[PDB]
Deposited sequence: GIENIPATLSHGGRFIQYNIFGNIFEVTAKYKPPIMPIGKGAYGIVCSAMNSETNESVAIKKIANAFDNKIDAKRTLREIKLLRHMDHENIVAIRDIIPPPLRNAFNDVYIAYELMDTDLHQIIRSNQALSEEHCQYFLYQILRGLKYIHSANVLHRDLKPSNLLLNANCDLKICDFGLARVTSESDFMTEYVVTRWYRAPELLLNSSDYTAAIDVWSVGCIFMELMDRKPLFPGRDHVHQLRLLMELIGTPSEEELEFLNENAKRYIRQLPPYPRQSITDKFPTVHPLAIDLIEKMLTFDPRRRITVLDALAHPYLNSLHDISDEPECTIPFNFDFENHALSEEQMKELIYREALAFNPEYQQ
């Protein structure tokens, strides 16, 4: 579909501006036309493109005005550094950081990721059927990636179906680390119990919780805990799981502890009866993942060995991250110009021709 989107050579031919419904999408010259818009959102837009020098297809996301609010600049730099630090088959890889044509005028950041066909959210929405071996493969790859992320002392704090990208090969990669934790510091249908009822510190269990939810949504094709309001989330939680007994309530803040005694009782509805279509071992592990108590929640390391995944589980093939990740990129307090400069050095690392 070339010449469908107007493409103008700019800055001495080293860049190409693509008009996309009045949205100027400027990338380096090696990404010759055509490009295919594939995503929209708050960050900006996402197009597919081909690197004419490497014959490799990427997805270029454009974060527009990335440095205006310093919080969003920190989430962008955090995204780049986090995704560059890690090398894993269930983690989305950065393939390029576009240099700005003019360093003084560096407002938009274009990141290029490896190209994926869809994501689990779209798979759910399209109402398309999956063999049980496929669901098995998906869950296994999610946990296999979580093992690595956590092994780098990083907690992916916002897991969603739209965060799990897929391929026709059924390869699944985790993405969008804009909110991850270093243990040193938005829909909540997937947020853990401890996150809503503030326990100021949380462990990897939060991720496990979300996975549980996600897997049920994969197996039931309906959102497991839809929230009308923030207070309602807990209601639909304990309506299904049951109101905890305080052998389980010990951990949350006592400003939050009182909270749970404040409400009427809730029986533990059995999941095998509410969602009976799914396989039995699936229901088992799902129940073992959605415990209200964080210290009574199954670990990713143990959830890998659960019998639902026994045809895929393998400790020698599920690696960890050797070198951990530190949060002070250069230092702790940075201005928008410092973060700008770091991302600029990264783009110059991917594009040594623009260093000079």
Tell me which segments of the deposited chain sequence are not represented by C-alpha atoms in this structure. 186-193
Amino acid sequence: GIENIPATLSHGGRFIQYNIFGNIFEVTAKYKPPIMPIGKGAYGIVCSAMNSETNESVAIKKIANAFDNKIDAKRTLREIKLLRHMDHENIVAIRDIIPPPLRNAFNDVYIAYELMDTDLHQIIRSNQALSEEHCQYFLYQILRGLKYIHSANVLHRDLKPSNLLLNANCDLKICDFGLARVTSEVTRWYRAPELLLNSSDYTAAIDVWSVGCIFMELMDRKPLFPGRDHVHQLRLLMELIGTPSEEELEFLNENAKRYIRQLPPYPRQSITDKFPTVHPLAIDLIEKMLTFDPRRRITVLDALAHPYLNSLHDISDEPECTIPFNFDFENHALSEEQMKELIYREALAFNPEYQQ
From here on, numbers count along this sequence of modelled residues.
Stretch with the higher entry mean CA B-factor, where the candidates are 84-92 and 210-218: 210-218
Highest mean C-alpha temperature factor of the two stretches 241-249 and 282-290, which is it? 241-249
Criterion, highest CA B-factor; candidates, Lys74, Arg261, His150, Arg125: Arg261
Just to confirm, going by the entry's C-alpha B-factors, which of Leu155, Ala256, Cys170, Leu164 comes out highest? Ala256
Ranking every modelled residue in this chain by its Cα temperature factor as given in the entry, which third contains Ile5? middle
In terms of the chain's CA B-factor thirds, is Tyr31 lowest, middle or highest? lowest
Of the three thirds of its chain by CA temperature factor, lowest, middle or highest, which one includes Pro223? middle
With respect to C-alpha B-factor, does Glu56 fall in the lowest, middle or highest third of the chain as deposited? lowest
Split the chain's modelled residues into thirds by Cα B-factor; is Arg295 in the lowest, middle or highest one? highest
